[PDB]
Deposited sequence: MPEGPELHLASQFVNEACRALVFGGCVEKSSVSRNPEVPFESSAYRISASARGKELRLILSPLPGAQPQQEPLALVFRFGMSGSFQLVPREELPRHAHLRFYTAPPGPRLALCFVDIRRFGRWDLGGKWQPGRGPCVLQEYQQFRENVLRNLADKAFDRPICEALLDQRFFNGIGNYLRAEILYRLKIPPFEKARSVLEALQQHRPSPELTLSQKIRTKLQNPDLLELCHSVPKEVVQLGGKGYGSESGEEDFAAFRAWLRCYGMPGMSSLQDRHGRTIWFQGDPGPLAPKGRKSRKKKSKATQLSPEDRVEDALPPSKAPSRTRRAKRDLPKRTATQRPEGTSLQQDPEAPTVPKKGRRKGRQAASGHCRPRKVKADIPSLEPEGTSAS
């Protein structure tokens, strides 16, 4: 549900749909409070890309498709249990809340957005979310400048382990990555964000790791897109011998050693 997972999900969509053609309507579960998706087309291809903790599907009618349709984009957020699956049409998983149906020649499939807890959301419009910062995986430099122009923001008054969840500046970082990131620089989680960030501009540093650590996870591959590969990679989050505490917002921060000055 963090940046590398969204990025793996979009490569999953792209590779698995490379040679598929979809058709029909875009079907939503009756229980989902997300919008219905007005799209019909006898023949359309699907593609994706990711930005931080969001992923964008593009629906692309082939030439001559009927209903006339222009290409349509949808932006998804995954929450705690979102994912994308390619399953046979009649063996839908439980909680498949939005579904795209392959059209005939071959075996009838469904691409499903699958979300157990329903924390995920989508939106009509292909637009990214407007306050989100740039992607720590795909827009590093921009990510880095956005953080450094804006240290005056009161976001940086908070402890570093909290500011790292703030998607206005660290679009893509979630609770496992903050544990792992901090742990590699041995920065106490409750050190103050502005201090750890001045001392950078204005041996990789904290912002550099915000890119390279989640990039590591992407390079392990997998995740539905093999889970022991990841549990093996983890050095801190959930690990035996690590301390942990609750931040302001009730989220568990895992670490080693000094909790830091702003601890609760």
### Summary
The answer, as deposited-sequence ranges with no C-alpha, is 1, 204 to 221, 245 to 251, 291 to 390
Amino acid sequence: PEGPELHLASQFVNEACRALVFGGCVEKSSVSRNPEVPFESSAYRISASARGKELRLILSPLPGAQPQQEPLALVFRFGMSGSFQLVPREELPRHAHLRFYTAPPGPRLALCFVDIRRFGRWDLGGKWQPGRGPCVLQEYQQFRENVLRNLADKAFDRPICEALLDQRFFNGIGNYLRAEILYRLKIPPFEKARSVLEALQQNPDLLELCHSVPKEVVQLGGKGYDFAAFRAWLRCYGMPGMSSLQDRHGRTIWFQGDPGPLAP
From here on, numbers count along this sequence of modelled residues.
## Note on the structure
As the entry reports it, the stretch among 242 to 250 and 6 to 14 with higher mean C-alpha B factor is 242 to 250
### Task
Look over 207 to 215 and 46 to 54 in the entry and identify the one with the greater average Cα temperature factor.
207 to 215
#### Entry: Most elevated Cα B-factor in the entry, residues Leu59, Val31, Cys236, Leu62
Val31
### Query
Which of these has the highest Cα B-factor in the record: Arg77, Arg144, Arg158, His97?
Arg158
### Lowest, middle or highest third - CA B-factor, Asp166
lowest
### Query
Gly126: which third of its chain by C-alpha temperature factor?
highest
### Task
Ordered by C-alpha B-factor within the chain, which third holds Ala73? Give me lowest, middle or highest, please.
middle
### Message
Test of reading the entry: by CA B factor among the chain's modelled residues, which third contains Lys154?
### Response
highest
#### Entry: Modelled-residue ranking by C-alpha temperature factor, third containing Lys192
highest
